[PDB]
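**Student:** Got a structure for you, questions after.
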Protein chains: 2
Amino acid sequence: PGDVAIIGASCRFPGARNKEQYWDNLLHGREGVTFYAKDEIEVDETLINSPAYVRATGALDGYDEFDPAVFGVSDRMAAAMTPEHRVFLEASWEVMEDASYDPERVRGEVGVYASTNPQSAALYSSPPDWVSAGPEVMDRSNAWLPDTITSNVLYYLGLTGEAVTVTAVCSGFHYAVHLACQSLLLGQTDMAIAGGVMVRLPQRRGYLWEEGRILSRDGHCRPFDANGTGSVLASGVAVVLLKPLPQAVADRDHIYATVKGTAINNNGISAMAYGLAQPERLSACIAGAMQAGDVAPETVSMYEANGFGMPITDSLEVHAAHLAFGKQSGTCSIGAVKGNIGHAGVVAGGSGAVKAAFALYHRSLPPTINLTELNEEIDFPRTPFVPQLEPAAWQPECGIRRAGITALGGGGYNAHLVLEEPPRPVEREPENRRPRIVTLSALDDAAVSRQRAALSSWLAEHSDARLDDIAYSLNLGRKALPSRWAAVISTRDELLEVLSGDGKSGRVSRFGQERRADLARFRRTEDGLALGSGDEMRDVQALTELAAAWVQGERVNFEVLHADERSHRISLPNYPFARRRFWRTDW
Amino acid sequence: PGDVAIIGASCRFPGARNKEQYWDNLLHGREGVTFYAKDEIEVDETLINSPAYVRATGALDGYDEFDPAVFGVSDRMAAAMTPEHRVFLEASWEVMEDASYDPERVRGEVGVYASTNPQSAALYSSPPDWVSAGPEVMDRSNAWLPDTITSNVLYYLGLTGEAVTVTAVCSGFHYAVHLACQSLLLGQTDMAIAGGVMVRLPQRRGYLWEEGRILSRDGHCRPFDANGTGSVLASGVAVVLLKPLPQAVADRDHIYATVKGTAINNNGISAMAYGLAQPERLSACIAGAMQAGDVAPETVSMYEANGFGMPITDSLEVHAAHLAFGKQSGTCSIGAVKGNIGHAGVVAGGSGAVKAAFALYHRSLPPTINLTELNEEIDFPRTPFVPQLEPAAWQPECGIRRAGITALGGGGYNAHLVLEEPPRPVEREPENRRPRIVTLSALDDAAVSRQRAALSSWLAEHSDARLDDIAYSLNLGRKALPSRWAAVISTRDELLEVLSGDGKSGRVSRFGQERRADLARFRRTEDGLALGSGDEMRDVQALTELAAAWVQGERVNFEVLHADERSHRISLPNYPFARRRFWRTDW
Ligand SMILES: [K+]
Ligand SMILES: [K+]
């Protein structure tokens, strides 16, 4: 094998609070940069009136919001945690939900590899003082140190494995995915959480334009444009769940795309100015990634570029990509997502990787925006690359869909990873009509009601989703939380009816109001309560009593319920986090 | 009836390390602003390449230099003290020396009134933490708090009295002089140290030009000029020693000028933009100061203005002064010293007051520089004021020389003080030719040699200085320090010869090496050793043994040595401070 599957994803970007909102924005060519009036910016009093100050930024909505009760975190600790700690932790929870894996029931080793910006931690609060070694000191250290961005995931999700934090400037996301795959291919872990986080402080802030530098003169990012003047600074987060491809296919996971190869290197002594791609070192990086995945440049029909929007930086990157593709490669779609959202720093490579992964999944090519006058110096007809001006269906003459994503940063950091479309979906056996248990749990009743509203809305969106996959994913892919709700249904239409309204019109809901469940009916197993016979697991009354016992707070062995069928994990709505704002008051 | 004499002065400004250098620069119309290359500024990385950044400032040479051993300060404490603490402490030492008063032997109550910029301390180091009450905590507080800028002077100079620190933005010097004079007129103190200190941090730094604001566009300050765009930021220190006029004449002090009146008020609800003078409030301040000293505007022939260099602010200030002078005032010379050095913040009013005092003392009017096109909007021929374009002798038709100095600041702070030339000198009796004792002491032997070189150089410049004044000032105006030197001479030429070379060619020096002084020859007084008879005080051998006893470290009553003659205190060189560099290393 040596291929790594992306079985779950979670991200937040300017103008997008989730991946579905992110993909919909890329499809319609929307811009997520925010423009402010002078009074809306409450910092930079010395610069706000300068003619060179641009009141534009890529804002991250809810950078200060967190739901500590879901993770078991105290309010004091939530304020002590840097925004990058909270945002990445909340995204790791969501990436596990998107893959339908309950961390409490994960039997293998999970690695957490993430990249973070230490400049953000240094601006949020003063660092820990290690003059004493009390427990409150350890709490303050775990809230501030970049080293514990990955450790806190292992602790607060209940996972066991290894945690590694890397700091790689603007290539952070790729370096995390690169290192995560080494862990998987060497067999040290079974699946891996990999990603990056960037929260710029102060958040609501502009920047200062200087002639010839990477920052834009008008606040617009125009990649590959002749009139491009640079990019905008942005914040975001992107996390993916990684798993070896043969194991992901065997376990009937939900696969967005596969990672064929990754490669990293540094410009070293052959250094450039910031944003300038050195042709020899970057091309060696791109070629090494394709060599690692055994993909030929003829087969890559999408190239997601770094693309600041500077004529000189775009020319050096397209030339470096040209050296790696060769002459005989053919034609390839080129684009830069920074035109949509700006430069997201640590996670800038993640926005491009997430764009490429979803492009392979939906077999669609999103456009590159703010492109009106093509850069004549890049001479695109003499290169394999064609700027994606319009959205288009992805139907390559090659026969296979493969994409390459590049991340450039300061300090000479280079990185490139090559993705392939997921395996073709297998032929499914016809769905058996039988009563099934569906479950929803959160911390309080209001959050469960939001889960019911989100699921009924989701059912309208995805009319081709099978009912046996929904129940398998909800029952085996979500953590059992205190406030619980369940129903016993046989069709998709019955599911929509029980979810509607207050949710109490269902068979299980009326059972819980009348009497408590009789536990002598069930057999206790190592994983919880189970039904006494195989014939019992197809009786509506037996399934109804078991679900009510679960709603009452008992632990149920959901594995033995789905042992007879080979269902698939699917992507369902995430937890509806109640987002209170947390910010430190003492420096 | 309430006149206060300026009997000592000390200052440092851009381009001047002492008051003699400052007056000489004003006389020749020199500019003390410094211009830097981009690489010479090691701060403001984000602004250094902006087209609006002006690499100009009024630097204070040696802002980080200090000689803590002379004050009894430890090296640890010298690094803990803010630069404003050290600069003001060193200037207070110099101002007592300039007036020829030894703080150990001052019999009265001395008040120390100063103004400081608390923003500098907040940038130099983190503030003290009061979680405990140990002596090391108190040392850190005394090193950081602005309240102890004045207290440390009382403690380290050996004075007893009262200390008051005020913070009055750009009117700081005037408010200190105002409060000092109230202390004297109410009899709370016998003499007062008054001044201010301004050390801008970071020191070597430019500024950002913004159109229509107070900062200059080219780095030059052009007061009353039609093409003026503002001023430059400057650092400095200015301290004066104040004493009631009748007492200063009775003690034969050296009087630069006298303070006739002072007045303060605030713009209040009648507020303006920064630097803009409200005519009604500022004129009331100017008129109130002249009313306090019982001086009529017809008698004021010099007006030292605030003078930023902006056409609108210069026009409003000249209008306010016109309202206070009336129509029948006559003619008056107007100038603004900010053209020479820039805006010195807390001590900005000090630069003008010191310029006016030396103008009154030397009977000269220094020019206003950078003035090529007069502001037609002010209409100077229709006002009593005439811009002093060239240096000129001060011979007013009024008959008396009086000056008014105005200080404007942010927050609406206004201040104005009126000075008069010193009293006419009395007729001196011819100098008796007799042997006299002259003394020099410092902290180490190398500093004493610098004192001898400084004293011999001074003798060439001031050939009209009487020897009985020189000995009286050296013997009664300097602190007795461990490394000592003395000589017994009768003429100025004998003084020049013994000071020359290694300084060991005198009878006192040859006496100390051969034999020790026999103290039984002398009589003990409450203030030290004295000679047994009046006839002995004219014997060379008796005076030589007494001087040698002092060099060996004994305490000598110098009051009784000069009791028979009425000598005068004169201005002699200051201590040659060995200036080691001190800066904090931990925030
Ligand atoms: K008043
Ligand atoms: K005796």
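Letters A, B, ... mark the chains of the structure tokens in the order given; residue numbers begin at 1 per chain; ligand numbers begin at 1, in order shown.
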Hey, which bits of chain B sit within 12 Å of ligand 2, and for each residue what's the closest pair of atoms and how far apart in Å (one decimal), counting only C-alpha atoms and all ligand atoms, rows by chain and increasing number, as CSV?
**Tutor:**
```
residue,atom,partner,partner_atom_place_in_ligand_line,distance
B:518,CA,ligand 2,1 (K),9.7
B:519,CA,ligand 2,1 (K),7.1
B:520,CA,ligand 2,1 (K),4.4
B:521,CA,ligand 2,1 (K),5.1
B:522,CA,ligand 2,1 (K),4.8
B:523,CA,ligand 2,1 (K),4.6
B:524,CA,ligand 2,1 (K),7.2
B:525,CA,ligand 2,1 (K),10.6
B:529,CA,ligand 2,1 (K),9.4
B:530,CA,ligand 2,1 (K),9.4
B:531,CA,ligand 2,1 (K),8.9
B:532,CA,ligand 2,1 (K),7.6
B:533,CA,ligand 2,1 (K),11.2
```
**Student:** Residues of the last selection are to be written out with C-alpha atoms, as a PDB file, in the first residue's frame.
**Tutor:**
```pdb
ATOM      1  CA  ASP B 518      49.571  67.323  64.254  1.00  0.00           C
ATOM      2  CA  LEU B 519      45.954  67.944  65.262  1.00  0.00           C
ATOM      3  CA  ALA B 520      46.902  69.276  68.714  1.00  0.00           C
ATOM      4  CA  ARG B 521      47.760  72.594  67.024  1.00  0.00           C
ATOM      5  CA  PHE B 522      44.078  73.176  66.201  1.00  0.00           C
ATOM      6  CA  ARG B 523      40.933  73.773  68.258  1.00  0.00           C
ATOM      7  CA  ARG B 524      37.839  71.593  67.873  1.00  0.00           C
ATOM      8  CA  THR B 525      34.561  73.261  66.898  1.00  0.00           C
ATOM      9  CA  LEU B 529      38.956  71.987  63.164  1.00  0.00           C
ATOM     10  CA  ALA B 530      39.787  75.681  63.487  1.00  0.00           C
ATOM     11  CA  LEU B 531      42.942  77.707  64.060  1.00  0.00           C
ATOM     12  CA  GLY B 532      43.810  78.897  67.548  1.00  0.00           C
ATOM     13  CA  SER B 533      44.053  82.642  66.896  1.00  0.00           C
TER      14      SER B 533
END
```
**Student:** Taking only C-alpha atoms and all ligand atoms into account, which residues have an atom no farther than 10 Å from ligand 1? I'd like them as a list in words.
**Tutor:**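 Checked against 10 Å with only C-alpha atoms and all ligand atoms; the hits are residues 262, 263, 264, 265, 266, 281, 284, 285, 286, 288, 289, 414 and 415 of chain B.
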**Student:** Any idea which chain A residues end up within 12 Å of chain B if we count only C-alpha atoms, as a tab-separated table (two decimals) with N, CA, C and O atoms, in the first residue's frame please?
**Tutor:**
```
chain	number	residue	atom	x	y	z
A	44	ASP	N	-3.82	49.92	16.92
A	44	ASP	CA	-2.99	50.63	15.94
A	44	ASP	C	-3.37	52.10	15.82
A	44	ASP	O	-3.54	52.63	14.72
A	45	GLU	N	-3.53	52.76	16.97
A	45	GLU	CA	-3.87	54.19	16.95
A	45	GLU	C	-2.83	55.00	16.20
A	45	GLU	O	-3.15	56.03	15.61
A	46	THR	N	-1.57	54.56	16.23
A	46	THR	CA	-0.50	55.29	15.55
A	46	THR	C	-0.52	55.08	14.04
A	46	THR	O	0.11	55.86	13.31
A	47	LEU	N	-1.21	54.05	13.55
A	47	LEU	CA	-1.21	53.71	12.13
A	47	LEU	C	-2.56	53.88	11.45
A	47	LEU	O	-2.61	53.87	10.21
A	48	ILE	N	-3.65	54.03	12.20
A	48	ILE	CA	-4.99	53.97	11.60
A	48	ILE	C	-5.19	55.11	10.60
A	48	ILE	O	-5.97	54.97	9.64
A	49	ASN	N	-4.50	56.23	10.79
A	49	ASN	CA	-4.63	57.39	9.92
A	49	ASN	C	-3.52	57.48	8.88
A	49	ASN	O	-3.41	58.50	8.19
A	50	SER	N	-2.69	56.46	8.76
A	50	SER	CA	-1.67	56.52	7.73
A	50	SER	C	-2.29	56.22	6.37
A	50	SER	O	-3.22	55.42	6.28
A	51	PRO	N	-1.81	56.86	5.30
A	51	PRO	CA	-2.34	56.56	3.97
A	51	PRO	C	-2.07	55.13	3.51
A	51	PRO	O	-2.76	54.64	2.61
A	52	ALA	N	-1.09	54.45	4.12
A	52	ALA	CA	-0.72	53.09	3.73
A	52	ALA	C	-1.42	52.00	4.54
A	52	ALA	O	-1.16	50.82	4.30
A	53	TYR	N	-2.28	52.36	5.49
A	53	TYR	CA	-2.96	51.36	6.31
A	53	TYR	C	-4.19	50.83	5.59
A	53	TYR	O	-5.07	51.60	5.19
A	126	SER	N	1.09	36.42	29.42
A	126	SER	CA	2.44	36.14	29.86
A	126	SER	C	2.63	34.63	30.04
A	126	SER	O	1.68	33.90	30.33
A	207	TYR	N	-3.29	46.12	8.17
A	207	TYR	CA	-1.86	45.96	7.94
A	207	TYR	C	-1.35	47.19	7.20
A	207	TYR	O	-2.12	48.04	6.76
A	208	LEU	N	-0.03	47.26	7.06
A	208	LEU	CA	0.65	48.40	6.45
A	208	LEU	C	1.22	48.00	5.10
A	208	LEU	O	2.05	47.08	5.02
A	209	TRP	N	0.78	48.67	4.04
A	209	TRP	CA	1.28	48.36	2.70
A	209	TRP	C	2.63	49.01	2.46
A	209	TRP	O	2.81	50.21	2.70
A	210	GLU	N	3.58	48.22	1.96
A	210	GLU	CA	4.89	48.70	1.55
A	210	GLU	C	5.17	48.24	0.13
A	210	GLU	O	4.88	47.09	-0.23
A	211	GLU	N	5.72	49.14	-0.68
A	211	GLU	CA	5.94	48.86	-2.09
A	211	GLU	C	6.89	47.67	-2.26
A	211	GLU	O	7.94	47.60	-1.62
A	212	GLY	N	6.49	46.73	-3.11
A	212	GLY	CA	7.33	45.58	-3.39
A	212	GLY	C	7.26	44.45	-2.39
A	212	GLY	O	8.05	43.51	-2.49
A	213	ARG	N	6.34	44.51	-1.42
A	213	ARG	CA	6.24	43.49	-0.38
A	213	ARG	C	4.96	42.68	-0.55
A	213	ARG	O	4.12	42.96	-1.41
A	587	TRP	N	-2.83	39.95	32.82
A	587	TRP	CA	-1.75	39.57	31.91
A	587	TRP	C	-0.89	38.45	32.48
A	587	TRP	O	-0.65	37.44	31.80
```
**Student:** I need the residues in region 391-552 of chain B that are alpha helix (DSSP H) according to DSSP; give them as a ChimeraX atom specification.
**Tutor:** /B:445-461,467-476,492-499,507-514,540-551
**Student:** Just checking: using only C-alpha atoms, which residue out of B:95, B:56, B:545, B:69 ends up closest to residue 12 (chain B)?
**Tutor:** B:95
**Student:** Using only C-alpha atoms, can you tell me which of B:72, B:58, B:196, B:230 comes closest to residue 91 (chain B)?
**Tutor:** B:196
**Student:** Run DSSP on the backbone and give me the residues of region 148-345 of chain B it puts in strand (DSSP E or B), as an MDAnalysis selection string.
**Tutor:** chainID B and resid 161:166 191:198 207:208 215 225 231 233:234 236:244 257:266 302:304 332:335 343
**Student:** Neighbours of region 299-307 of chain B within 6 Å (only C-alpha atoms; same-chain residues fewer than 3 positions away dropped), as a PyMOL selection string?
**Tutor:** chain B and resi 223+296+314+332-336+398+402-407
**Student:** Could you build a table of the residues in region 226-277 of chain A lying no more than 8 Å from region 419-443 of chain A, giving for each the nearest pair of atoms and their separation in Å rounded to one decimal place, using only C-alpha atoms, ordered by chain and ascending residue number, as a Markdown table?
**Tutor:**
```
| residue | atom | partner | partner_atom | distance |
| --- | --- | --- | --- | --- |
| A:255 | CA | A:422 | CA | 6.0 |
| A:256 | CA | A:422 | CA | 5.9 |
| A:257 | CA | A:422 | CA | 4.4 |
| A:258 | CA | A:420 | CA | 5.2 |
| A:259 | CA | A:419 | CA | 4.7 |
| A:260 | CA | A:419 | CA | 5.7 |
| A:261 | CA | A:419 | CA | 7.5 |
```
**Student:** Applying 8 Å and only C-alpha atoms, which residues near residue 345 (chain B) remain after dropping the ones on its own chain fewer than 2 positions away? List them as a list in words.
**Tutor:**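 Contacts, in chain order: residues 169, 170, 171, 172, 198, 233, 234, 235, 343, 347 and 348 of chain B.
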**Student:** The selected residues should be written to file as a compact mmCIF listing (two decimals), in the first residue's frame (atoms: C-alpha atoms).
**Tutor:**
```
# COMPACT_ATOMS: atom_id res chain seq x y z
CA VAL B 169 2.59 66.56 30.46
CA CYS B 170 4.42 69.22 28.42
CA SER B 171 4.11 71.89 31.14
CA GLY B 172 6.11 69.89 33.66
CA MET B 198 12.42 63.81 29.87
CA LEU B 233 10.54 64.96 19.63
CA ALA B 234 13.36 65.68 22.08
CA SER B 235 14.78 64.54 25.42
CA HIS B 343 9.84 69.54 21.60
CA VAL B 347 11.13 69.86 30.09
CA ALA B 348 10.03 71.77 26.97
```
**Student:** Could you list, as a ChimeraX atom specification, every residue within 10 Å of residue 67 (chain B), counting only C-alpha atoms and ignoring same-chain residues fewer than 2 positions away?
**Tutor:** /B:65,69-75,78,86,90,576-582
**Student:** With N, CA, C and O atoms retained, write the just-selected residues as a compact mmCIF listing (two decimals), in the first residue's frame.
**Tutor:**
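Contents of out-v4.txt, freshly written:
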```
# COMPACT_ATOMS: atom_id res chain seq x y z
N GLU B 65 23.95 56.62 30.97
CA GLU B 65 25.21 56.69 31.69
C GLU B 65 24.98 57.24 33.10
O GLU B 65 24.13 58.10 33.32
N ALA B 69 28.69 55.30 42.27
CA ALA B 69 29.51 55.31 43.48
C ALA B 69 29.55 56.68 44.13
O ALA B 69 29.64 56.78 45.36
N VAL B 70 29.49 57.75 43.33
CA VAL B 70 29.53 59.11 43.88
C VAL B 70 28.30 59.38 44.76
O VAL B 70 28.36 60.20 45.68
N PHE B 71 27.19 58.71 44.48
CA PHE B 71 25.94 58.94 45.20
C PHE B 71 25.70 57.93 46.31
O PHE B 71 24.71 58.07 47.04
N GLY B 72 26.57 56.94 46.46
CA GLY B 72 26.30 55.86 47.39
C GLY B 72 25.33 54.82 46.87
O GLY B 72 24.74 54.09 47.67
N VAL B 73 25.17 54.72 45.55
CA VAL B 73 24.23 53.81 44.91
C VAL B 73 24.99 52.56 44.47
O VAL B 73 26.10 52.65 43.94
N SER B 74 24.38 51.40 44.69
CA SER B 74 24.99 50.16 44.23
C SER B 74 24.81 49.99 42.73
O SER B 74 23.96 50.64 42.10
N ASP B 75 25.62 49.11 42.14
CA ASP B 75 25.48 48.85 40.71
C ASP B 75 24.14 48.20 40.41
O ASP B 75 23.50 48.52 39.40
N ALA B 78 21.63 50.94 40.35
CA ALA B 78 21.77 51.84 39.21
C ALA B 78 21.09 51.27 37.97
O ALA B 78 20.48 52.01 37.19
N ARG B 86 18.08 58.51 37.11
CA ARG B 86 19.51 58.78 37.13
C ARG B 86 19.82 60.16 36.57
O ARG B 86 20.62 60.91 37.14
N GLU B 90 21.60 63.06 38.77
CA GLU B 90 22.88 63.68 38.42
C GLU B 90 22.75 65.19 38.22
O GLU B 90 23.67 65.94 38.57
N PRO B 576 33.46 65.70 37.43
CA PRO B 576 33.73 64.94 36.18
C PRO B 576 33.30 63.48 36.32
O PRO B 576 34.09 62.57 36.56
N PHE B 577 32.00 63.26 36.16
CA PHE B 577 31.42 61.95 36.39
C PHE B 577 32.02 60.91 35.45
O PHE B 577 32.01 61.09 34.23
N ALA B 578 32.54 59.83 36.02
CA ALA B 578 32.88 58.66 35.23
C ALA B 578 31.59 57.95 34.87
O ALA B 578 30.88 57.46 35.75
N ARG B 579 31.27 57.88 33.59
CA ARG B 579 29.94 57.50 33.14
C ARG B 579 29.94 56.09 32.58
O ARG B 579 30.15 55.87 31.38
N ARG B 580 29.74 55.12 33.46
CA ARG B 580 29.50 53.74 33.07
C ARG B 580 28.06 53.59 32.59
O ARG B 580 27.16 54.31 33.03
N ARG B 581 27.85 52.65 31.66
CA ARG B 581 26.54 52.43 31.07
C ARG B 581 25.75 51.42 31.89
O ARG B 581 26.26 50.34 32.22
N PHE B 582 24.50 51.76 32.23
CA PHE B 582 23.63 50.92 33.05
C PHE B 582 22.29 50.70 32.38
O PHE B 582 21.62 51.66 31.98
```
**Student:** Would you compute the distance between CA of residue 456 (chain B) and CA of residue 506 (chain B)? Give it in Å to one decimal.
**Tutor:**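 So the two atoms, CA of residue 456 (chain B) and CA of residue 506 (chain B), lie 14.9 Å apart.
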